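# Residue-level structural notes
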Amino acid sequence: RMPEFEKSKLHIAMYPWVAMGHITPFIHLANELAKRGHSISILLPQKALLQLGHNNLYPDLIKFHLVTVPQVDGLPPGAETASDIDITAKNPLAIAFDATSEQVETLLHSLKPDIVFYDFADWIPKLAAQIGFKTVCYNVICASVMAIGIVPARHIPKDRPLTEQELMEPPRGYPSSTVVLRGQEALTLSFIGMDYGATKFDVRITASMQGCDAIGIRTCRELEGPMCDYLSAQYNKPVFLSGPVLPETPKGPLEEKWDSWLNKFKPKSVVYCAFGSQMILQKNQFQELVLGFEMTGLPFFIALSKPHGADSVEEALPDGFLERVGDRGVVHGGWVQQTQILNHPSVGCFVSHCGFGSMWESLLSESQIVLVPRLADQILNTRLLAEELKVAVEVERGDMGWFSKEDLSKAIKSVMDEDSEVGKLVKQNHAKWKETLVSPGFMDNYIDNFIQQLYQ
């Protein structure tokens, strides 16, 4: 036997893409790593520090280092993150981001970290070779959108935009016939061939992936093992999984008004619906939605933003809706405590867009899962949950993402009717999966095994 000793802690630096949606998960990962004693240097612009710094739970070990984003052609005056731009400024922000290379080179030279985590900064490997650190290309998304998009096995012609049936065809070798985009959904993958600064996106991501020592993904073998294996083979790189790195669930009690309203109903009977804080619907689609909920005859709590055009949610509701729904249903256009609502024992169904966080809140809950995705990562997550694992159902679509009230109602009723065979299938499968994903230590073991891989 060699004697025990206390393995020495790592210093890890992170330079994530300058979006609140990229930085926040890097911080949550930082917290899990610092919890185990490791040191983390996170490089970010000051507006991000201002908005997100509160998320750092271990300031003795997690330090923030400011990175001034240069001014360039096309860039709004004070802009440091994607929160400060419209989609017409995407390339200035990318060019500006790439122009932070000198300022981060200096910081990394000064900090001398063991490992650096990055995503969109494909020039970080060049610096690794200079300064002598290892790199992980850490992706805060699911493996499937990575596997189906920018891999060597997909030819992406550099002169013209990609076409619908090209985008719709998975790369050769892609290990699923279920977790795929159908027809017009392919269009949502268009970003893979787009421009993103001086270069196209696929060139940047191909370089990030090819240049790293390991690929990191915010996911699990149990859900996306084959996808991870596929990526590994495509880039000839190891793939380290962190697990989903979910933040500490907000405790704090539920607003008295909503709790009393929910207590009016039988256990596991209310349908809750939210598509997260980004998305906003067209007025007619919003009206199909609420009517779809009326048709179910079930009680319902809808937390959606007022649609484009309207002055409030009340204004947007079709004629007579409030009167005939009365007790049964709420349509709230402001912020709600999503977590505490889903945990109310009266809630029994969650209708969501299958964004990353909502996917995981769904999988970990006791409610049945109904899915209405918009973006490529959301559709792919949805295929995983509804087609492949069958722990959820997905609402059918049409042109432009349209969903019928008939289909929305049918889906909700299909999982809430006690005699529905589809509903029993998804309920039992969901319970099997939940049991695996909350078995004690499951998340911590992902983190601890991730750290072990970092040590190599």
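Residues numbered from 1 in each chain as written, not as in the entry; some residues may be left out. Heavy atoms only, no water.

In the PDB header, X-ray crystallography is given as the technique by which the entry was determined, and 2.62 Å as its resolution.

### A short note on the sheet that holds strand β11 (residues 347-352)
A sheet is described by the order of its strands in space; here six strands give the open sequence β10-β9-β8-β11-β12-β13, paired in parallel fashion. Only two strands of the sheet have a single neighbouring strand rather than two, namely β10 (329-332) and β13 (393-394). Judged from the four bridges that link them, strand β8 (residues 270-273) and β11 form a sheet pairing that is parallel. Opposite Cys273, over in β11, you have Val351 as the bridge partner. Here helix α10 (residues 256-263) sits on the sheet in contact with β8, β9 (300-303), β10 and β11, set at roughly 155° to β10. (Pairing = 2+ DSSP bridges. Helix = DSSP H or I, 4+ residues; strand = E, 2+ residues; numbered from the N terminus. Contact = heavy atoms within 4.5 Å. Axes fitted to C-alpha atoms, helices over the stretch in contact; angles between N-to-C directions.)

### Let's talk about the packing of aromatic side chains
Following the criterion strictly, the structure yields 23 aromatic pairs and no others. Here the aromatic rings of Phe120 and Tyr196 are separated by 5.7 Å at their centres, their planes lie at 85°, and the arrangement is edge-to-face. Residue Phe120 is found in the loop between β4 (115-118) and α5 (124-131), and its partner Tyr196 is found in the loop between α7 (164-168) and α8 (201-211); the two are separated by 76 residues along the sequence. Taken individually, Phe120 and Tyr196 each receive the classification buried, so the pair is uniform in this respect. (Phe/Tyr/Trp six-rings, centres within 6.5 Å; stacked < 30°, edge-to-face > 60°. Buried < 20%, exposed > 50% of the residue type's maximum accessible area, 1.4 Å probe, protein only.)

### Observations concerning the domain arrangement of the chain
We note that the domain assignment places domain 1 (11-248 + 441-454) and domain 2 (256-438) within the chain. Of note, the centres of domain 1 and domain 2, computed from C-alpha atoms alone, are 30 Å apart. Counting the surface lost from both domain 1 and domain 2, the interface buries some 2,000 Å², and carbon and sulfur atoms represent 72% of this. For the domain 1 face of the interface with domain 2, the top three residues by lost area are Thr178, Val179 and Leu223, together amounting to 26%. Viewed at the interface, domain 2 and domain 1 are joined by one salt bridge. The salt bridge involving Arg383 is made with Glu185; its shortest N-O contact spans 3.0 Å. Contributions of two or more residues to the side of domain 1 that touches domain 2 are made by α6 (143-148), α9 (221-235) and α19 (442-454). If one sorts the elements of the side of domain 1 that touches domain 2 by residue count, α6 sits on top with three residues. Within the side of domain 1 that touches domain 2, the residues separate by chemical class into 15 nonpolar, four polar and four charged. (Domains from an automatic or database assignment. Buried area = accessible area lost by both parts, 1.4 Å probe. Salt bridge = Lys/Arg side-chain N within 4 Å of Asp/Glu carboxyl O. Nonpolar A, V, L, I, M, F, W, Y, C, P; charged D, E, K, R; others polar.)

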